[PDB]
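Asks: Attaching a single structure in structure tokens format; questions to follow.
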Ligand SMILES: *Cc1c(COP(=O)(O)O)cnc(C)c1O
Ligand SMILES: O=C(O)c1cc(O)c(O)c(O)c1
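In the UniProt record's numbering, the protein residues as written are 13 to 255, 262 to 315, 325 to 838.
The structure is reproduced here in structure tokens:
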């Protein structure tokens with residue numbers, strides 16, 4: 013149908029049709045008289061999967077023969093979403109399968125909608141890991157993603173009476189056709205026990221054993237016949253475990275609970291034992307796998332030439348002392364050699380500077396769970412602080428600031444300090460964030476070892492986030508500049524030469540409007556909500572946090588409503604304001620914010636004087652598959668975190684690529700995006716990082732803003748008095764009290780400038796042609812924010828390997 017989706021050759025279509033029928037009969041054990049759409053989805057998935065495995069087997073065979081340097085990307089989260097369409101796109105099968113299914117009397121888009129999201133992440137960190145696997149395969153790197161196969165991913169969000177309710181995401185219920193269980197490569201992991209010192213060195217004994225069973229998922233590159241592996245571990249009890263009889267069998271659940279459920283905290287540290295077990299479990303199983311593979315290719328001097336381990340945040344930081352434990356206690360390397368190998372192997376990516384996200388584990392937990400690792404950590408710390416003492420003699424304060432051991436009521440290990448000490452490279456995820464690391468939180472470490480500190484600005488994959496979710500936009504671009512941009516996103520710069528082309532302007536605007544109509548229809552169908560598709564689609568989708576300032580959006584929404592009520596017959600640009608995202612189950616303030624948004628909705632959406640000029644919708648159950656629908660439909664992207672708090676963001680980049688303009692602060696990657704597009708083509712507002720520091724020095728007093736801005740005062744008086752909660756007048760007192768007395772994120776300080784910036788947005792939207800021209804300028808400069816660029820930089824500057832766009836042999 014459209015050229016970017018590949019060829020529908022008669023031979024191929026014919027062969028897909030017979031394999032589809034073969035799987036329905038032999039695999040699913042159904043006939044067409046009893047088959048549901050779900051059976052048809054599974055028949056298709058198995059048909060597509062068969063095309064992967066030939067390339068999968070020869071990719072891994074190729075790596076065995078050529079023995080390249082291997083990249084191990086360790087993460088506790090991989091937020092994969094759906095796999096079917098991605099696989100078709102990457103294999104050039106999408107049109108062929110569409111035709112094949114059409115000829116069987118089936119609508120492929122309907123079958124795509126049956127697939128569950130693999131929701132094994134919380135938000136940005138997990139999604140980024142998935143983006144990265146796609147780019148690593150596309151760039152021909154011998155890369156492996158290693159994580160945990162959680163039985164339950166991020167919870168499904170239900171809204172009941174305006175309140176978030178959680179339910180278990182039972183994503184494996186119908187089976188996962190993409191994974192292959194590999195029970196033959198099951199490995200033991202140890203916990204508890206104690207350390208004995210012999211003349212033969214330390215021995216870790218009397219441990220409890222949990223088994224790690226791997227499940228492999230294929231990760232295909234974009235049209236290059238490379239298929240890499242994501243290996244996810246599942247926890248199994250050994251068969252002698254607890255072995262009255264019945265209770266011993268049932269107690270197997272204790273061990274298997276390790277892989278049961280993803281911790282639902284985005285950017286927040288909860289020091290629970292089960293979480294620590296998950297962290298060690300992934301690390302210990304992964305490292306044995308790495309070492310096995312290395313030995314099949325005494326001399327660990329070559330280990331860093333053959334292995335790179337990338338730590339995604341501090342969650343797998345125990346890789347450092349585990350690698351030392353294996354090298355020293357089991358392989359009998361001397362400490363200094365082992366440490367050299369470790370440092371050259373490991374690299375650490377930091378994802379946030381917020382203190383509540385920092386992992387600081389109590390010593391007593393490590394003492395009980397991982398007694399050998401604690402000893403190793405103490406030894407690492409002592410040798411590290413000896414180096415600090417020699418470099419800065421007499422600076423005793425530096426010694427306690429830099430220590431891996433934090434003193435206090437409870438002693439803790441700072442895992443970020445551990446990662447810096449044991450890694451040859453430490454990076455932030457956007458220029459401003461990487462600079463913040465060197466200036467503030469890791470300043471001491473930067474002074475000791477400046478060479479370690481890098482930047483690697485994040486990116487997103489143009490496969491999932493353009494071709495897959497916005498085929499219309501991909502096509503009209505391909506018409507003008509061809510298809511090479513899909514794996515070389517800088518080629519979008521060629522679109523600058525079409526900024527005055529009247530046909531292009533019209534096509535860009537038509538794609539947006541088609542996307543908006545499709546999404547408006549989706550809203551009616553699944554959620555009984557009727558919206559104006561000629562309104563500006565103003566969207567804020569991301570996890571609910573105080574730092575992301577969904578509350579600032581709320582204050583703007585209420586300002587618009589109040590302004591309409593004051594002058595009802597004045598023209599205003601119509602808006603549909605959409606806000607979506609999950610709150611962590613125990614994050615009470617985030618849950619109150621969700622309730623506020625729905626409460627504003629209840630008032631605004633049923634006020635006849637407003638009509639269809641303002642609508643406020645809370646998008647329920649925001650997840651990767653919902654992102655793929657709403658982002659192509661957006662006009663305005665809300666990226667309004669307090670300056671200095673959002674390390675990078677990736678959502679911001681997705682919107683930029685899909686033809687939305689951005690309203691935001693000079694935070695995270697917004698800075699580099701505005702720099703690429705030109706500040707004239709971005710709606711920047713609010714305090715810079717430096718203004719926030721100055722406000723902190725003087726002391727933030729929110730009452731000042733309340734006293735001098737009458738529009739703000741009116742909103743606070745509405746919230747306090749029960750305007751948005753008549754049955755429960757005091758319902759929002761915690762929100763008001765936070766805003767007035769304890770606001771770490773300075774919502775009121777950016778209110779005036781935000782409101783004025785929003786007026787400029789409205790002004791521009793009234794002139795469709797100039798709106799669309801500015802959109803073209805954003806899309807055309809979004810090339811830097813490809814994850815292919817990011818990964819090429821990791822490969823060259825950290826891992827020491829060369830990317831490649833060269834095909835491997837088909838079929
Ligand atoms: C991209 C994405 C995120 C990250 O969005 P930010 O705005 O950068 O926080 C979170 N969740 C999902 C489902 C995504 O696709
Ligand atoms: O501020 C909090 O108490 C908080 C913040 C979070 O981001 C979170 O996931 C949580 O469970 C609690």
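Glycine included, every Cβ here is placed at the ideal spot set by N, Cα and C.
1) Kindly indicate which residue of 789, 51, 133, 640 has the alpha-carbon position closest to the one of residue 596.
2) Taking just the CA atoms, how far does residue 134 sit from residue 839?
3) Just checking my contact of residue 154 with residue 82 at CB under 8 Å: how many whole Å lie between their CB atoms?
4) Using 8 Å as the threshold, is the stretch 696–704 in touch with the stretch 592–611, meaning 3 or more CB pairs across them?
5) Could you tell me which uninterrupted beta strand (DSSP E) segments, each at least 3 residues in length, are contained entirely in the stretch 104–148, listed from first to last along the chain?
6) Helix or strand or just coil, what does DSSP make of residue 553?
7) Cβ of residue 677 versus every heavy atom of ligand 4: is any distance shorter than 7 Å?
8) Quick check: what's the CA-CA separation for residue 20 versus residue 348?
9) So residue 683 packs on residue 497, CB below 8 Å; how close in whole Å?
10) Go ahead and pull the three-state DSSP assignment for residue 534.
11) Can we count residue 483 as close to ligand 1, meaning its CB is less than 7 Å from some heavy atom?
12) Using a 10 Å radius around the Cβ and a threshold of 16 neighbouring Cβ atoms, would you call residue 43 buried or exposed?
13) Look up residue 227 in the DSSP assignment and say whether it is helix, strand or coil.
14) Just verifying my parser: in three-state terms, what is the DSSP assignment at residue 317?
15) If contacts are defined as beta-carbon pairs under 8 Å, then residue 386 and residue 287 qualify, I think. What distance do you get, rounded to the angstrom?
16) Excluding the 5 residues flanking residue 52 on each side, which residues of the same chain have their C-beta closer than 7 Å to its C-beta?
17) Taking only heavy atoms of ligand 2 into account, decide whether any of them is closer than 7 Å to the Cβ of residue 286.
18) Give the secondary structure of residue 321 by DSSP, where H, G and I count as helix, E and B as strand, and everything else as coil.
19) Starting from residue 678, trace the alpha helix (DSSP H) both ways and give me its first and last residue.
20) What is the rounded straight-line gap between the Cα of residue 604 and the Cα of residue 564?
21) Return yes when the C-beta of residue 136 is under 7 Å from any heavy atom of ligand 1, and no when it is not.
22) May I ask you to report which of helix, strand or coil DSSP gives residue 445?
23) How many angstroms separate the CA atom of residue 796 from the CA atom of residue 532?
24) Identify the residues that DSSP records as bridge partners of residue 481: which are they?
25) Is it right to say residue 581 is buried, meaning 16 or more other beta carbons lie within 10 angstroms of its own, or is it exposed?
26) With DSSP as the reference, label residue 628 as helix, strand or coil.
27) Three-state secondary structure (DSSP) at residue 307?
28) Where do the N-terminal and C-terminal ends of the beta strand (DSSP E) with residue 249 fall, by residue?
29) Pull up the DSSP beta-bridge partners for residue 242, would you.
30) Are there 16 or more other CB atoms within 10 angstroms of the CB of residue 437, so buried, or fewer, so exposed?
31) Confirm, please, whether the CB-CB distance from residue 241 to residue 228 is below 8 Å.
32) Excluding the five sequence neighbours on either side, which residues of its own chain have a C-beta within less than 8 Å of the C-beta of residue 463, listed in chain order?
33) For a test of the three-state rule: what should DSSP assign to residue 204, helix, strand or coil?
34) Okay, do the stretch 275–286 and the stretch 184–196 touch, 3+ Cβ pairs below 8 Å being the bar?
Replies: Result, derived from the coordinates:
1) 640
2) Nothing can be reported for residue 839, as the shown portion of the chain is limited to 13 through 838.
3) 5 Å
4) No, they do not touch.
5) 130–132
6) In the structure shown, residue 553 sits in a helix (DSSP, three-state: H, G or I).
7) Here the bound small molecules are ligand 1 and ligand 2; ligand 4 is not part of this structure.
8) 53 Å
9) Their Cβ separation, rounded to whole angstroms, is 12 Å, which puts residue 683 and residue 497 out of contact at 8 Å.
10) helix
11) no
12) Flag for residue 43 reads exposed.
13) strand
14) For residue 317, no position is available: the coordinates of the chain end at 315 and pick up again at 325.
15) 5 Å
16) 118, 123
17) Indeed, a heavy atom of ligand 2 lies less than 7 Å from the Cβ.
18) Since the model of the chain passes from 315 to 325 in one step, residue 321 is not part of what is shown.
19) 678–684
20) 6 Å
21) yes
22) helix
23) If I take the Cα positions, the gap works out to 7 Å.
24) 454
25) Per the 10 Å Cβ criterion, buried.
26) helix
27) helix
28) Premise fails: residue 249 is in no beta strand (DSSP E) and is neither H nor E.
29) Partner residues in the beta bridge of residue 242, as assigned by DSSP, are 157, 229.
30) exposed
31) It is a contact, given that the beta carbons lie within the stated cut-off.
32) 380, 455, 671, 716
33) coil
34) no
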